[PDB]
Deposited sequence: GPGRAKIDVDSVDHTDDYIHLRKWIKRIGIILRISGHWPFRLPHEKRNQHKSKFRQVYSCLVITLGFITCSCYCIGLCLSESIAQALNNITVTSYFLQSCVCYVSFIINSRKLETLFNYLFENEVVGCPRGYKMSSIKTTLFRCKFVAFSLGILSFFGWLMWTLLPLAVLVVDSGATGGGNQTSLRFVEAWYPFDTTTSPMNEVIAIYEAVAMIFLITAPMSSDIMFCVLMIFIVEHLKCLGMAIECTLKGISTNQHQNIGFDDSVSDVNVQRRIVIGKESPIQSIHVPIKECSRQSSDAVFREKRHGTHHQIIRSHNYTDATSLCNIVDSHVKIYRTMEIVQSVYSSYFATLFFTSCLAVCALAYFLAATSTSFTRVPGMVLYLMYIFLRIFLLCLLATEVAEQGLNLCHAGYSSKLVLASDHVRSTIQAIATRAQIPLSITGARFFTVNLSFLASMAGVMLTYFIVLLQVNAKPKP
């Protein structure tokens, strides 16, 4: 059937998680322990130290800021680069729980639900997975292409300023050949520094989609069980517990990464809005800044939506198996459904380092914070 398709996609995500330079863990379809090969183990470490030296250069470039304009110009790139740095460290540390996470979305067969629901669930999962992957991929590729190779293409068609923001360097980088080779190094570094948080967010969104479909199939399984004693209820409770444990495993790495992401993204959005609204931009950097805003807004909105859907499906699992059949069932079923409802009243939520809950109302509150601190940066001039 089409199920063989889904594994194919959870192959490709693993492959792209090896492309960006994350630490190579064992994916499901490796029975010869090729994740410990020295080739990938030096490739990942080389990309990681390239990432660290580039992020450190752009970070110490921020501390040597004379005016507020150079600081606000370094804020955006330093924001995204330390986001990718936190993502690199958080995926290096927990290279064991990612094994369990990729073992979850490889076999997840819910026992009890009808097949006519399961096929439509697999179709919806495939469609939403492809949409979420391709949208961020296309937007990120076009944003990198503009932001890095538009002023270089302008100069190769035609006091240069090929790069957007300046950073600390050993040499002067004002003389002609140095600026070109630094621009090329910035291009390859920004490839390997952009594609890591996009890959992590694609994996998070795939996890959330699979968990939403698991919860819907669990609700249908409870209904089809109640429509008809022990074994179906035990399998339902076990699948509910597996969903809760998988969300608890998802919580930690993305808690640290989400705290860093949301704070630094709010700073980057405020700085970009100030540069677009106030200063005299030279029309070459504007296709970079108008796509970087769209990428950031799309990323925040998709993360908040696929985090809200899981809590909504849990609270809808609270209202499962509640009819005249429940009043006419035995005491065993009437106690087990009560236990399931009591445990399902607890919400499955992702917290960003326990400072906030990733919901859709949090996006509105953060948009209010952005709009409050945008007027301040406008009035400071």
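Gaps between the deposited sequence and the modelled structure occur at positions 1-15, 174-181, 252-320, 474-478.
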